[PDB]
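What follows is one chain in structure tokens, specifically the form deposited in one PDB entry.
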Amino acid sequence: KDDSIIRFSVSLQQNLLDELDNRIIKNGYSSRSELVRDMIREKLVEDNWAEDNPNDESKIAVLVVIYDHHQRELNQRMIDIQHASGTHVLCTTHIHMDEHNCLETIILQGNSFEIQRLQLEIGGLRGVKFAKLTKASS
């Protein structure tokens, strides 16, 4: 059904669940699920490609990422995704923060889907700790 109440499982570090649980009460939340739902809704609103500007003409965007370069086959995956994406990727500026942290600004060209897709495909990778898209126009 549409309204039916379902469950889904998530595998993660104890540290991360603790950090999540630590946030339930203080922000005026009754349940862990109640919070997770709002976070999902939050992501669903920020990762919306249409309604920003119609006809989805090629726009310019900047994707800010943070990842651990130690993560096995992560860089190979990221560069492979970007090469597969051709002209949609203008360039990447990288900062080696510390031994387990890399800052990277990926400058993208494309329509609302194309950009959204890249934010999700790169951000979706295991080891990519942070990914925030800044949308402009081109």
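The term rigid core refers to the maximal set of C-alpha atoms that superpose within 1.5 Å between the two forms. Shifts are known only where both forms have a C-alpha. The first residue of the shown sequence is 1; numbering continues from there.
- Taking only CA atoms, the mean B-factor in the PDB entry is higher for 17-25 than for the other of 17-25 and 115-123.
- When the mean C-alpha temperature factors of 71-79 and 84-92 are read from the deposited coordinates, 71-79 comes out higher.
- Ranked by C-alpha B-factor against the other modelled residues of its chain, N55 falls in the highest third.
- When all modelled residues of the chain are sorted by CA temperature factor, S31 is found within the highest third.
Heads up, the form deposited in another entry isn't pictured, but that's what we're talking about next.
- Core-aligned CA deviation for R37 between this form and the one not shown: 2 Å or greater.
- After superposition on the rigid core, displacement of the C-alpha of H83 between this form and the one not shown amounts to 2 Å or more.
- Comparing the forms between this form and the one not shown on their rigid core, the Cα displacement of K129 stays under 2 Å.
- The Cα-Cα distance between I66 and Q14 is shortened by 3 Å or more in the other entry relative to the form shown here.
- Look at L16 and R117: in the other entry their Cα atoms come 3 Å or more closer than in this form.
- In sequence order, 3-45, 53-56, 79-87 are the runs of at least 3 consecutive residues whose Cα positions differ by 2 Å or more between this form and the one not shown once the rigid core is superposed.
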